[PDB]
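The chain that follows stands alone, in the form deposited in one PDB entry, written as structure tokens.
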């Protein structure tokens, strides 16, 4: 599947009040998608740019 195991993690915004535009890898759809990261919490399936998501999880 994806290149790394962090790529399978379920998307998680965390529990803070910010809304930071980021990407995560969507295993089910096989693509990088947008989400808003809250500023704390979350898991390592989160990238600042789509390019970063793509290289890391897709190639």
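Positions refer to the first chain, counted from 1.
Heads up, the form deposited with a partner chain bound isn't pictured, but that's what we're talking about next.
Q: Can you tell me whether residue 25 touches its partner chain? I mean in the bound PDB entry, with a 4.5 angstroms heavy atom cut-off.
A: Contact with its partner chain, no.
Q: Heavy atoms within 4.5 Å of its partner chain in the bound PDB entry: does residue 8 have any?
A: Looking in the bound PDB entry, residue contacts with its partner chain include residue 8, since a heavy atom lies within 4.5 Å.
Q: Under a 4.5 Å heavy atom criterion, is residue 30 part of the interface with its partner chain in the bound PDB entry?
A: Judged by the heavy-atom cut-off of 4.5 Å, residue 30 is in contact with its partner chain in the bound PDB entry.
Q: Answer for residue 40 alone: is it within 4.5 Å of its partner chain in the bound PDB entry, judged on heavy atom distances?
A: Contact check for residue 40: yes, within 4.5 Å of its partner chain in the bound PDB entry.
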